[PDB]
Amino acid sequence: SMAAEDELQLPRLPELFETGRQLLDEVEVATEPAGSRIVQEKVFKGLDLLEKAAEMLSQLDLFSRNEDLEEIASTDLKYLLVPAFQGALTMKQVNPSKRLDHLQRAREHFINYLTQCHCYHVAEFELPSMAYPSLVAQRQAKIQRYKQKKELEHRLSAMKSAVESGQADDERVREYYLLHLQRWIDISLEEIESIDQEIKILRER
């Protein structure tokens, strides 16, 4: 029994990350209904995988809070995305009895993502409050944010193949991962706004 444990080889970090990423991607374009067993099972598996990645990362301490972004290796850059993916997947759960729980859990994931990106100066932005509600009183920001996202997504679409198929220099590789991080900063910001509105509604009930 101690033997059987030594001998078992579980998935490592890169697999855990890559699989959880595939799963999120799948759920995001699922042509099946959102709250179907087919989709919900992928969400559950994804959260589990990422939860395991997150723990691996904690133990490895890849990212400190007093570090410069150049000090992080190119291939480690992606791992910064884990909390943001966790937020995304958490939102994809359907279970109305526990919706308020999911929002608070998701909010926390996104704050974690944003908080890290902010220490590492990935982009200039205002970090939302740690706890609902993040006061915001305004539409322009969204138009600007929309145009930004369209432009990031386009640049990304031009580089994805090159990177994934190993035909990109290090400079290119890092620029690509930078672009993901920024894209996900925008997404997280936007989701926190969305979450705060949904909590306000759910609470008042």
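Start at 1 and count along the sequence shown; that's the residue number.
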Checklist outcome for this item: Entry B factor averaged over C-alpha atoms, 114-122 against 91-99: higher for 91-99
Checklist outcome for this item: Ranked by mean Cα B-factor in the entry, 75-83 and 126-134, top stretch is 126-134
Checklist outcome for this item: Residue set 50, 173, 156, 30, per-entry CA B-factor max assigned to 30
Checklist entry - Out of 188, 182, 9, 194, which one has a C-alpha B factor higher than all the others in the entry? => result 9
Checklist entry - Considering only modelled residues of the same chain, in which third does the CA B-factor of residue 141 rank: lowest, middle or highest? => result highest
Checklist outcome for this item: Of the three thirds of Cα B-factor ranks in this chain, residue 164 occupies the middle
Item to check | residue 39 CA temperature factor, ranked by third within the chain | outcome: highest
Checklist outcome for this item: Of the three thirds of the chain ranked by Cα temperature factor, residue 67 occupies the highest
Item to check | Record-listed C-alpha B factor of residue 61: chain third | outcome: highest
